[PDB]
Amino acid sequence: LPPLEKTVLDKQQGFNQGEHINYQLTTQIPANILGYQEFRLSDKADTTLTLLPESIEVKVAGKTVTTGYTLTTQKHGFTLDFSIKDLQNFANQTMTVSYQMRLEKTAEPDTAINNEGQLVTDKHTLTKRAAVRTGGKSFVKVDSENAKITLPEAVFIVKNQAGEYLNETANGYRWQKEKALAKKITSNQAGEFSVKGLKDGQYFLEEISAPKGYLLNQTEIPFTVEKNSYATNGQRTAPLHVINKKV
């Protein structure tokens, strides 16, 4: 029975919202492919993943293939419905399908985000899912003397190790040099705020606006994004306390 592999490239640190994720389906065309009535490769992903249809590339033994199939594409997946007769030329060879999907801003940190690769023939159906993640961190803005006095209207931007600034575009995040494009994050009535949709890393907060009555911390505030720095099975990780001294 023809096999099925699904892989994701460089998934070790998770991914940013907006990042283009490289996926691959691999199978092997059976020697007796002419015996089959049906042969279809597909992916159907979570709605947190958007397919880039122009990315899709079918190769056999390294060579790009453009006929011998009908491609269907939708927002969160595709189907390649192959002509049996045409696959005879590729009997006994490896076929890969490379494609990309964008992680949307609806992707929650510390959740399994699945795709589902599938090979359907008339004899059998093979299914293999893969999973990706993004990360985040919670914070709470507090008085330096009293951790229970939580402070609204504190405004921060985020920086990476290079001193670049997190920008929100329509589709997700990008690090860039212009401070005026920096996405702003503000502590709420409970003093709380978070950063969601970053891959693993060491990043920093820079306070650009203090709560009324309080000083601006001139020191950048380091924080780590990694697996479970935001949540563990729905239960939220405890916020980093960000302290403010009063005038």
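Numbering starts at 1 and follows the sequence shown.
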ask   = On average, which has the higher Cα B-factor in the deposited entry, 199 to 207 or 39 to 47?
value = 199 to 207
query = Per the entry, where is the mean C-alpha temperature factor higher: 25 to 33 or 208 to 216?
reply = 208 to 216
inquiry  = Based on the deposited C-alpha B factors for this chain, I'd like to know if residue 175 is in the lowest, middle or highest third.
reply    = middle
ask   = Would the CA B-factor of residue 85 place it in the lowest, middle or highest third of its chain?
value = highest
request  = Please rank the C-alpha B-factors of the chain's modelled residues and tell me whether residue 65 sits in the lowest, middle or highest third.
outcome  = middle
key: Third of the chain, ranked by Cα B-factor, where residue 112 sits   = middle
remark   = Among the modelled residues of its chain, the C-alpha B-factor of residue 222 falls in the third labelled highest
